[PDB]
Amino acid sequence: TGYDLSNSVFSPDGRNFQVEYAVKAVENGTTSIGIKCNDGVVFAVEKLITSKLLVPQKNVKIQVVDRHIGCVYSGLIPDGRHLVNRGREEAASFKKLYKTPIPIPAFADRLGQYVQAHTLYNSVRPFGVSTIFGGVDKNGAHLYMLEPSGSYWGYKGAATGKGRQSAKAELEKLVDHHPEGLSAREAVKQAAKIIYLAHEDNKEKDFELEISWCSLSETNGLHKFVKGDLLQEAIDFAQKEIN
Amino acid sequence: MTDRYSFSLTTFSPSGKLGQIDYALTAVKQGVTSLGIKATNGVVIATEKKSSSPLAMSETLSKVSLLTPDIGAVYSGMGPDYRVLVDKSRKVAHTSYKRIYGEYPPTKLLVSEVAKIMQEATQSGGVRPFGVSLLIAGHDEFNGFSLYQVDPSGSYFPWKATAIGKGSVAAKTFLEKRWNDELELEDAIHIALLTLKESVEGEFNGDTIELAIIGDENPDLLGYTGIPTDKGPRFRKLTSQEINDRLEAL
Amino acid sequence: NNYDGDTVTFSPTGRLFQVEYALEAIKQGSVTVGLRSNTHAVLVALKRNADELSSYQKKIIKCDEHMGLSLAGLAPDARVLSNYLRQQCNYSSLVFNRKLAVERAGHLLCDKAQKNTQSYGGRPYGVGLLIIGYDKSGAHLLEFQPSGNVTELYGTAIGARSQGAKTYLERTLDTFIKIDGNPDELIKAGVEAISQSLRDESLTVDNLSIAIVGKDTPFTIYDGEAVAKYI
Amino acid sequence: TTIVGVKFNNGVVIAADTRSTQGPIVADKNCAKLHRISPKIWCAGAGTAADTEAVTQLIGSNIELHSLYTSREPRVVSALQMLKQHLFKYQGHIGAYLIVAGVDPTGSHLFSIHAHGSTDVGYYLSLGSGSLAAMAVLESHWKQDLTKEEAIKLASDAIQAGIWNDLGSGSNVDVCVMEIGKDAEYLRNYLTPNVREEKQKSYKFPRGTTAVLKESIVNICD
Amino acid sequence: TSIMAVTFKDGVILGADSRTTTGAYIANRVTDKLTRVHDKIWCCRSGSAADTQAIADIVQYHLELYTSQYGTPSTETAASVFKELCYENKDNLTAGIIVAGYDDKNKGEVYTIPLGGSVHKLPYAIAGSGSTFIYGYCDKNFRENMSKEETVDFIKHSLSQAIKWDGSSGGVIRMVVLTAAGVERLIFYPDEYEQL
Amino acid sequence: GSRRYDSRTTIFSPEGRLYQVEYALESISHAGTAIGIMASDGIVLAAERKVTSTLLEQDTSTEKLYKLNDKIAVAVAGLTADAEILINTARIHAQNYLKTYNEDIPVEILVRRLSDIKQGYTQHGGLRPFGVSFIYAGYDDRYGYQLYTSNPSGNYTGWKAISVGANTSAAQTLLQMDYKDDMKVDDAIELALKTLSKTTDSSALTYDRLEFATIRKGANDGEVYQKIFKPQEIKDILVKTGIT
Amino acid sequence: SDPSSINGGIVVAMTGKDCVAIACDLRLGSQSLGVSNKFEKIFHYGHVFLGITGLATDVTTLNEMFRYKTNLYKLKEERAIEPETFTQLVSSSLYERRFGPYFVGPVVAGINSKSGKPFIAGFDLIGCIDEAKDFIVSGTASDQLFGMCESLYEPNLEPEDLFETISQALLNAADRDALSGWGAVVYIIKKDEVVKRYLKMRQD
Amino acid sequence: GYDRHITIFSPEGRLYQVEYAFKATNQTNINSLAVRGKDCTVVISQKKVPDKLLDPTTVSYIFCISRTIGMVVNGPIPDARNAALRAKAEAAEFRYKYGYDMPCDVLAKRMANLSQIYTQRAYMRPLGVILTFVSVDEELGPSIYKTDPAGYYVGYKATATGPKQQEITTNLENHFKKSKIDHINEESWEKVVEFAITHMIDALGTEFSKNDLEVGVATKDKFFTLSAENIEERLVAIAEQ
Amino acid sequence: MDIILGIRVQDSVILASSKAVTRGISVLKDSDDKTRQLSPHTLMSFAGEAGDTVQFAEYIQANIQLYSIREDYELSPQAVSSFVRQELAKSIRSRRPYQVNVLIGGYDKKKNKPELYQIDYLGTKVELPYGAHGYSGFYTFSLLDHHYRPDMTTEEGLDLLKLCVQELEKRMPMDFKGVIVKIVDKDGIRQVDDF
Amino acid sequence: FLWX
Amino acid sequence: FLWX
Ligand SMILES: [Cl-]
Ligand SMILES: [Mg+2]
Ligand SMILES: [Mg+2]
Ligand SMILES: [Mg+2]
Ligand SMILES: [Mg+2]
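Residues numbered from 1 in each chain as written, not as in the entry; some residues may be left out. Chains lettered and ligands numbered in written order. Part of a larger assembly, values for the part shown. Heavy atoms only, no water. Residues with missing side-chain atoms left out of burial classes, pairs and counts.

- The record lists X-ray crystallography as the method behind this PDB entry and 2.80 Å as its resolution.

1. Side note on the overall build of chain A
- For chain A, the helix and strand inventory stands at six helices and 10 strands.
- Taken over the C-alpha trace, chain A has a radius of gyration of 18 Å; the compact-globule value for 243 residues is 18 Å, and the two agree within 12%.
- Across its three principal directions, the C-alpha atoms of chain A cover 55 × 50 × 40 Å.
- Sequence separation of 24 or more characterises 65% of the internal contacts of chain A that already satisfy a separation of 6 or more. (Helix = DSSP H or I, 4+ residues; strand = E, 2+ residues; numbered from the N terminus. Rg over C-alpha atoms; globule rule 2.2 N^0.38 Å. Contact = heavy atoms within 4.5 Å.)

2. Considering the interface of chain G and chain D
- With 38 residues of chain G at the contact, the number on the chain D side is 35 residues.
- In total, about 3,300 Å² of surface goes out of reach between chain G and chain D, with carbon and sulfur atoms giving 56% of it.
- One can count seven salt bridges joining chain G with chain D.
- As a salt-bridge pair, D:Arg196 and G:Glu150 come within 3.9 Å of each other at their nearest N and O atoms.
- For the pair chain G and chain D, the interface holds 18 residue pairs in polar contact.
- Elements supplying a minimum of two residues to the side of chain G that touches chain D: β9 (129-132), α3 (142-152), α4 (159-174) and β12 (193-199) of chain G.
- If you tally residues by element for the side of chain G that touches chain D, the top one is α4(G), at eight residues.
- Its residues assigned to classes, the side of chain G that touches chain D shows 16 nonpolar, seven polar and 15 charged. (Buried area = accessible area lost by both parts, 1.4 Å probe. Salt bridge = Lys/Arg side-chain N within 4 Å of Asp/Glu carboxyl O. Polar contact = N/O pair within 3.5 Å; in protein donor to acceptor, adjacent residues only side chain to side chain. Nonpolar A, V, L, I, M, F, W, Y, C, P; charged D, E, K, R; others polar.)

3. Quick word on the pattern of salt bridges
- A full pass over the atoms with the stated rule returns 94 salt bridges over all chains.
- Across the pair H:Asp137 and D:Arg72 runs a salt bridge, and its minimum N-O distance is 2.7 Å. Of the two residues, H:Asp137 is situated in strand β5 (residues 130-137) and D:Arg72 in the loop between α1 (49-70) and α2 (76-89); the pairing between them involves two chains.
- Residue classification places D:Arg72 among the buried positions, given a relative accessible area of 6%.
- For the salt bridge of G:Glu40 with G:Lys196, the shortest nitrogen-to-oxygen distance reads 3.1 Å. Placement of G:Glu40 in the loop between β4 (33-36) and β5 (42-45) and of G:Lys196 in strand β12 is noted, with a sequence separation of 156 residues between them.
- Among the residues examined, G:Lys196 registers a relative accessible area of 14% and is labelled buried. (Buried < 20%, exposed > 50% of the residue type's maximum accessible area, 1.4 Å probe, protein only.)

4. Re the coordination of the magnesium ion (ligand 5)
All names here are of chain H.
- Note on the magnesium ion (ligand 5): its protein donors are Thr7 (OG1) and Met124 (O). The metal-donor distances range over 2.4 to 2.7 Å. Highlighted residues: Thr7 in the segment before α1 (16-24) and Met124 in the loop between α3 (104-120) and β5, separated in sequence by 117 residues. Across the pair, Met124 and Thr7 agree in class, each one buried. (Donors = N, O, S within 2.8 Å, 3.2 Å for Na, K, Ca; no water.)

5. Quick notes on the pairing of strand β6 (residues 41-47) of chain D
Residue and element names in this part refer to chain D.
- Among the seven residues of β6, seven are classified as buried, and the element is accordingly described as predominantly covered.
- In this structure, strand β5 (residues 34-38) lies alongside β6, joined through four bridges in antiparallel fashion. What sits directly across from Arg36, in β6, is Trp42.
- Hairpin connection from β5 to β6: two residues lie between these consecutive antiparallel strands.
- Here β6 pairs with strand β7 (residues 96-104) via seven bridges, running antiparallel. Note that in β7 the partner of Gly45 across the bridge is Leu98. (Pairing = 2+ DSSP bridges.)

6. With respect to the packing of helix α2 (residues 77-98) of chain H against α3(H)
Residues and elements named next belong to chain H.
- Closest axis-to-axis distance for the α2/α3 pair is 11 Å, and the angle between their directions is 125°. Relative to α3, the element α2 lies oblique. For the element pair α2 and α3, the recorded crossing hand is right-handed. Counted together, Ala83, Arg86, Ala87, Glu90 and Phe94 of α2 and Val106, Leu107, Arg110, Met111 and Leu114 of α3 form the full contact between these two elements. (Axes fitted to C-alpha atoms, helices over the stretch in contact; angles between N-to-C directions. Parallel < 35°, antiparallel > 145°, perpendicular 65-115°, else oblique. Left-handed = near helix turned anticlockwise from the far one by under 90°.)

7. Re the arrangement of the chains
- For the non-touching pair chain A and chain J, the nearest C-alpha separation works out to 27 Å.
- In this structure chain A stays clear of chain K, and the shortest span between their C-alpha atoms is 44 Å.

8. Things to note about the environment of F:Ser53
- For F:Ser53, the location among the structural elements is in the loop between β2 (42-48) and β3 (65-67).
- Considering only alpha carbons, one finds F:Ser53 and F:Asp208, 155 residues apart in sequence, at a separation of 9.4 Å.

9. Regarding the interface of chain F and chain B
- Listed by partner, the interface residues are 32 residues for chain F and 34 residues for chain B.
- Buried surface at the junction of chain F and chain B, summed over both partners, amounts to about 2,700 Å²; 59% is from carbon and sulfur atoms.
- Among the residues chain F hides against chain B, the three largest losses belong to F:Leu55, F:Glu57 and F:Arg128. Together they make up 27% of the total.
- Here chain F is connected to chain B by one salt bridge.
- One salt bridge in this structure joins B:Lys38 and F:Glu57, with 2.8 Å as the shortest N-O distance.
- For the interface between chain F and chain B, the tally reads 11 residue pairs in polar contact.
- Those elements giving two or more residues to the side of chain F that touches chain B turn out to be α1 (19-28) and α2 (80-101) of chain F.
- Split by residue class, the side of chain F that touches chain B holds 12 nonpolar, 14 polar and six charged.

10. Digging into the packing of aromatic side chains
- Taken as a whole and judged by the stated rule, the model has 54 aromatic pairs over all chains.
- With centroids separated by 6.1 Å and ring planes inclined at 20°, the aromatic side chains of D:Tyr90 and G:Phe99 adopt a geometry described as stacked. Taken together, the residues D:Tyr90 in the loop between α2 and β7 and G:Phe99 in the loop between α2 (83-95) and β7 (104-111) connect one chain to another.
- Looking at D:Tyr90, the relative accessible area reads 32%, which means it is partly exposed.
- Ring centres of G:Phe66 and G:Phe86 lie 5.4 Å apart, and the angle between their planes is 70°; this geometry places the pair in the edge-to-face category. Note that G:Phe66 is positioned in helix α1 (residues 56-77) and G:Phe86 in helix α2, a separation of 20 residues in sequence.
- Linked through ring pairs, A:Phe94, A:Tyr98, E:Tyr66 and E:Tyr70 together constitute an aromatic cluster.
- The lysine or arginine in question, G:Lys114, covers the ring of B:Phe142, its NZ or CZ lying 4.9 Å from the ring centre. (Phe/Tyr/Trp six-rings, centres within 6.5 Å; stacked < 30°, edge-to-face > 60°. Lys NZ or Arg CZ within 6 Å of the ring centre and 35° of its normal.)

11. Quick look at the sheet that holds strand β11 (residues 173-179) of chain E
All names here are of chain E.
- Within the open sheet, the five strands sit side by side as β10-β1-β2-β11-β12. Their pairing is antiparallel. Each edge of the open sheet is held by one strand with a lone partner, namely β10 (124-127) and β12 (182-188). Strand-to-strand, the axes of this sheet are offset by a mean angle of 15°, without reference to chain direction.
- Here six bridges tie strand β1 (residues 3-8) to strand β2 (residues 11-16), and the two strands are oriented antiparallel to one another.

12. Thoughts on the nonpolar core
- In terms of nonpolar packing, the biggest core is built from 78 residues, with A:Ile33, A:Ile211, H:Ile65 and H:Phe133 touching the most fellow members.
- No other element matches the nine residues that helix α5 (residues 184-198) of chain A contributes to this core.
- Counting residues in hydrophobic clusters, the runner-up holds 56 residues, among them G:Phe39, G:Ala56, I:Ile14 and I:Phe141. (Core = buried A, V, L, I, M, F, W, Y, C linked by side-chain atoms within 4.5 Å.)

13. What about the side chain of C:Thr39?
All names here are of chain C.
- Here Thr39 is to be found in the loop between β1 (32-36) and β2 (40-46).
- Owing to a relative accessible area of 17%, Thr39 belongs among the buried residues under this scheme.
- One polar contact links the side chain of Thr39 to the main-chain amide nitrogen of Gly181, over a distance of 3.1 Å.
- Beyond its immediate stretch of four places on either side in the chain, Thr39 contacts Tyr134, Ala139, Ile179, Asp180, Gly181, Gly214 and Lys215.

14. Focus on the side chain of H:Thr41
Residue and element names in this part refer to chain H.
- Mapped onto the secondary structure, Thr41 falls in strand β2 (residues 41-46).
- Classification of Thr41 as buried rests on a relative accessible area of 0%.
- Excluding residues within four positions of it along the chain, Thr41 makes contact with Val35, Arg36, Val134, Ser135, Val136, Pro142, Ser143, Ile144, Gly216, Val217 and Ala218.

15. Describing the sheet that holds strand β8 (residues 161-164) of chain F
All names here are of chain F.
- If you walk across this open sheet you meet the five strands as β8-β1-β2-β9-β10, and the pairing is antiparallel. Each edge of the open sheet is held by one strand with a lone partner, namely β8 and β10 (225-228). Shown here is a sheet whose adjacent strand axes are inclined to one another by a mean of 10°, direction ignored.
- Relative to strand β9 (residues 210-216), β2 runs antiparallel, the two being bridged by seven bridges. Paired with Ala46 across the two strands is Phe212, which belongs to β9.

Next comes the structure, spelled out in structure tokens:
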């Protein structure tokens, strides 16, 4: 054997073991989710409070690309930052040449082709992050999830990290119970609940909730963080549901 | 990133063998039988068209390739490796000869350029040798008709007649009995079809056999008239019909 | 085991051993403490000597008039990263006439450390940093790890027996955070914190290294007879 | 130089004069301005003689390699695109003015290329110093639905206008006819209306007229 | 040269003369200065024939590759690609281009790109040597939300004057109509437009 | 990364030998024998073709003996393809020298440069060395007739008579036995063939398995002639000496 | 400062019955100053003859360059280059320096060893080929040579007659040019013998 | 045994990384099928959307390379999208350089030559994909050309790819033995799509809903994919016969 | 720089080179040796642009000295001249060409013959019985055409050279402060101290 | 220097 | 140059 010692090597199965190993680093990370709604998308993430010494609200994990795209990730946080830095270059060069802000599907493939490139050579390591991202373009709302292999699809709901199975089960219920669609303000409250429910799989340390959203009506198609009254309203909704 | 493989993947073993060249020759041995016979007034190169599937159109896949109007090539071994070698061989005939001397290279010098490309894959960083042996038949004014074999090592030898690949050992013994220095081109085509029938197992007709000649100039294939010195290509690929005609008087 | 040859290889459980070994170099390094109020941020560093004839390895580096760090691990790697921060702080000044935000400083170090953990031939940085600064949003303290993970904290400590100081600061959090407009009292809390990480050795005059930045205080380092006040 | 292209129902015909000049001196009285890019794509060239010949051979070479790669007869638009991209790159420093004509699977085509890399489409075109003499004849006699024999007559008449009236053009008329479904026929010296009259005298010198200092056998052998 | 594009109720119409000149010699009297960069994005070319053809060919390449990946590009996107080439290579190019296209959302749109490489979105645009003579006429006569027949007349009368006064403009008046219906090519001969 | 698959072609053994040079020499020891013999009035180059087939075209063939310029030739032992790369380099180096100084290249200068190229492949670049040994037979107006050999190490030495390839041990003993300094070309021709005839792995030495060349001053007055022997000429010289 | 007319000199080539002739002057000067009366402008690579007029440093450089190329040609092809092929090599080599050219007016002459056909050709400095049945001219007195050749020349001259015609063409053209003359050389080329004659001409 | 890790020859003259890349082809567990009409070329592929959270519209293995050329992939989506983007770039560049639309067979050869390089150069891995290119070529007419990780390519009368490829192949072979021709003798592309789906149902032995299939159609001067409703209309036609 | 002459006689080559180094309206030096020994039997005189002359001479000298050590052999005068010409022939199409003109006087020990080569800054080489560079030629060439014989002795060659220097001192506008004379023969290179 |  |  030894097929798993080098990136971009096919095993006799037809598998790249180094990519499958990167997935393990993602499964180890904190829970992050995405919810597609009527006219936009909602992103939420679990921030483990390691110590009292962590400054609340001042270790932001959700990152904006251009002005209209939100990116959240689970796994090696630095690898995620490197991917968003690339995303920001791709979105800048697209806007520079074509004038229009980059469509979400176009943006998704720009990350997709880049992550896939890091499975083509033994001189690079695959990305140790699953990335949930999306926003609002001319064709409406789009939610995407991107994996270390370079694999990505469009999603109604997405979840990755240690509490992915718990989150996925809760996401599948929303899709079934709301076929006509979920509203932006509803999706924020649901996002809070699903992070709190998915925290059961990571319950040693207590956590800090962080939510962001793009909505054609609520944020005018731009990416904004949920803060103050709207955040506390979503936390209270989630606190009521666990009890 | 970047090609970090700047070192040889082909090195000498303690026994003095170059492993990757030996292994490349093993790949050629597994390859389908192709042969070449040199007559007094022409050269014939022939091979079986091993069809991957009966749904596949074996006309689209060309094992016998025109390199210049007066030079043709056939192979045994890995088809993809052959395809890119034909592309490089056609281009090098232009860049390193025709664009300098305003005429097509003689057979031996084009063979020498193809050999050089295959030798470099034997020594250059981060590459395996080519898994093919070529048979290159050609004509030129000052050397006349000639037939050459080119091996993965980059070595080339001139032949009166030879075969390469699957049943080459038996095919070479067959050619030794039949070959003389007074063979006319039609006699050489006849022997080529007899020799190839031994190695072919399934169907033997103009649709499963690929055969080309280096013979007389073909003015009809030139595409234009008015220049007396330009008399047309000596390379001609025999049609499916033309092969079947000679298989009746076999 | 078989997956620690270089930084480009993941382990079957999804670990980067070369990064974890770089993290180990910090634990071997001498203790350094960081803590802040709303007005001031303080670095306290226990310096280490080769023997009694040798000098004490300087732990604290100035990056700009409003920013600087303390180091624990490979000092040459701290020099490379501190030199990079000096340039980024300096670029912000010359081009934008703008003091570099302590948060951006962290983001830049993170992205520089990360590139060394994904590429063949290179190696991770073998040092941890505590960056203090005063910018347009008040006092800040950062913890840099060579994995690329940068974290904003009220207080922390890195190096050998850092857990002692980190537990103390976790208890004292409510007290030292409200030491506003009093440099000497915030340092005393930092000196008392690092004292929880001492074994057999005590704080002497050429042993202790203190740095402070604040509202009306440029980043200034205190060594020798200047720190005798706090023993 | 005078070069023309004329379209007829089943193909295209290009013609040219045979005069090469160095300033006011005629360097070549019978030079060939008609070049084969491919068997059924021919080119007429005006401007710097070396530039027209070099650019014709380079694209002709690349078209042959492209034809072998694609297993398809080359197209005029391919020769046109490769030429105009090459000429544009050199910002007019390659002084080649070409009439590109030919037949391909798409049909019959006639284009002109200027040194700066502009291309024009037409049923009749003329380039070179004698283009205005030629274009006068073409504008007078050209009509839609020319026959082969009419297009050759019109093309050669347009060149003759250049030969007689333009000092840059002279000697003979070369023609190339590219008809659909047929081999292109290159008619080298189609007309020779400028034959040198018998000289009044033979200037053959009595043997020994020239004074000689030394003789020696030169060794050409090994 | 005399070129213009006019927006109207159903879309946009592009007009141009058919004359190419070296000095006072007319090299081509039946030039097609209306060139396709996409199914319903066309441009009018003025200035260097060589430069405008090279630019148009590159833009057509960029929009074909854009279409393969992100589907139909906007008229604004096409104008942006023209601008990028014209602006970044301003020192080596003599090209005044009018970009005109039909979206189904945005309807008819006209962008003009002068020598500088600047972009200007306008209800209608005129450019080329002959345009100078019809600024007065076009300003007085242009109305927004004209019909097809009104816009064809406006362009025909406008270029007719441009051709009459400018030696550098002449031949036929080519036009290209861009609507939801599709793409329609129109031609008008001297015997018609001269005696308007 | 790629470190895993690097043979390290340019390193020392614990004994201070170059692995790849030693293994390349082992490769050459299986190649057809080539002999050079230097006489007072010319040089002989003889070489045994590797186990010939009866359908090999013998007359329009070149395996062993190559021409570098009008005054210098080489006999090859090893990979023919490798040799042809080095020969084309040597042919160019000769023309560069002629272009620069308007004088034919001295033999040693050409040999040193070709040997310096081989040396490079043993010290840097991480590539395999050339699996080739040369016998250089040449003439210049400084040293007259000269025999050299070069090997994959890039080391070269001068010789009165030398062999490379197969059975050099046996071949060198026979040459050392029958060679003398006042020898003529016609005598050296006989010695070269007699040596191959005894050291050959074949049953009997025949014309079709031999390449032969002489560099005499046998042209007309103070000029050198290279003679690459034709099949019929080898057949005649083989009968004349009484081997067949 | 016109490179083609600093050093001065002329070459002329003519075809006869189963023969070719190539001739050149011997002057090398620095404008008005005559420096050398031994500077030959005709070289040969096997049986192919090349005359070169123009800047003398480029005449020398190109001779050395074509010797180099024809030597490698012969080693690889195992035969002497033919005039038609050499003509193409000259053209390629000159056009390689399209935007930094050799200031030369080369002239190829020789008999194809296979066909036995007499062959001559001329080139501009950029490599354009001028093929001719009758004659090729080159140099500072090319106008004069064109006038002499066009009047004196007739087809199918015997080697001994062709010698008189080319010699009188060169001599009388050189005497009307300030930068040409100072001696002349004429090569008479038959299938398998070549005679080289030095002409007696006025030394001013 | 490092001769199994990179693209160098094994003692028996094999490239194991090429062979393992072929096995990656079937990792998706999807079967594709291509057939030629008189005027058209139809390609059909199975569409499996296991996750309920997936947006099914974004799940596709068929790509519009150029206006005329369509491509279906058998293999993982990352390598599929890698191959698609390159093919799109290559087809666009070809049109710019040579002034006419890249033919289906020439693109196939170009992509196959790229694949061949990954089998000879060590630093590049082969893509674990089989690319099926379809068009109506203006010279050769209805065209199917297929590329694999070995760098092999050939034209096809019809073809199938995936785990149950052999069953679909013999099903088509038996039809062309019967019909005695090289294509589906049918006027409209609608009925050629119906043929393609019918013969896939017979070979695989499974029934299809509108969301179980993905259809691409090449006509003269455009290639297009069918919506769920276009397929549903097509499934209704088969059922009512 | 200005005046450099060369006369090849029966058994030797004689190089005369002016001693003046002028810059503006000041003769800075009147004892300048405008020559380098390339090898024991090869001498090169040089004249042209300031700086370029010495820089080029010393560069050639270094290369010929390197060849001598490497091969333990002296390059023929013909070989040295061919090398020097090619360096100048490269130079002329450089960014900044060497504006240096040279005479190469050598004794070929193999042929037992003196050889004089005249090379200008373009790389124009000629073998001559007598040569000059700059305006000197306009006087000395016609004088030597008259008085020169090919079978002259070294003493006759020096008298013929005195005749040239006298003519140049009479008719040349500039004061070149006399010449340094050097003889190249079978015994090598020696300088005439009293001229 | 064709213009439009 | 030679023109045409
Ligand atoms: Cl390719
Ligand atoms: Mg007008
Ligand atoms: Mg005169
Ligand atoms: Mg005079
Ligand atoms: Mg590989």
